[PDB]
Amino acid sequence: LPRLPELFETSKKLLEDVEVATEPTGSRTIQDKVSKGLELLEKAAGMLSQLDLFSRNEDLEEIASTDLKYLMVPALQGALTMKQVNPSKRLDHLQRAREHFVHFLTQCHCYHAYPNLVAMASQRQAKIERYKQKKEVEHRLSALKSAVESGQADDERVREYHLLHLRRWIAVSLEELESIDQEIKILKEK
């Protein structure tokens, strides 16, 4: 019996497959995974609406640690929409994807000699810390992944693990939205 957790995880792995796949993304096999992930996430979202886990438009601390991951559904939906290949409908995809990424963002609850040389110095390492962070984040996620997916991590690690995934999805959704609007604008310029 097709259950929510299974729906999510399958879809998640399916996307991770597609993002790493090396053949043209227009490949029969890739497009199949994309189509399947879209379909399962549609079903999952359908169920998430029934459950209404985050009805209360506040909280966050108050969400069950393992429910946290369902927050990322609209994000996975946007990412997979953006992997479809059908030139003649490209704009439809953009607009579908745009809805998901926003829809995501509006549910995440996630929110969150001297002078010139000094600025140069402070403005330099800034970018090094930005790279670092990016690296640390990914390193941490990969360290916890197994245990969290296995049910072997304590609640602190599980909650930490998903909030961190959430942040990552914020940045990603913001960039994607920027890219989407740029391309949509050209496609509608008449």
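Residue numbers run from 1 along the displayed sequence.
> Comparing 116-124 with 70-78, which stretch shows the greater average C-alpha B-factor in the deposited entry?
Replying inline: It is 116-124 that shows the higher mean C-alpha B-factor.
> Where do the C-alpha atoms have the higher mean temperature factor in this entry, in 134-142 or in 53-61?
Replying inline: According to the entry, 53-61 carries the higher average C-alpha B-factor.
>> Maximum C-alpha temperature factor per the entry, among 110, 102, 94, 85, belongs to which one?
In response: Of the candidates given, the C-alpha B-factor peaks at 110.
> Highest Cα B-factor in the PDB entry belongs to which of 179, 10, 173, 22?
Replying inline: That would be 22.
> When the modelled residues of the chain are sorted by Cα temperature factor, does residue 186 land in the lowest, middle or highest third?
Replying inline: Ranked within chain, residue 186 CA B lands in the middle tercile.
> residue 129's Cα B-factor: lowest, middle or highest third of the chain?
Replying inline: Highest third, going by the recorded CA B-factors of the chain.
> According to the PDB entry, is the CA B factor of residue 27 in the bottom, middle or top third of its chain, that is, lowest, middle or highest?
Replying inline: It belongs to the highest third of the chain when residues are ordered by C-alpha B-factor.
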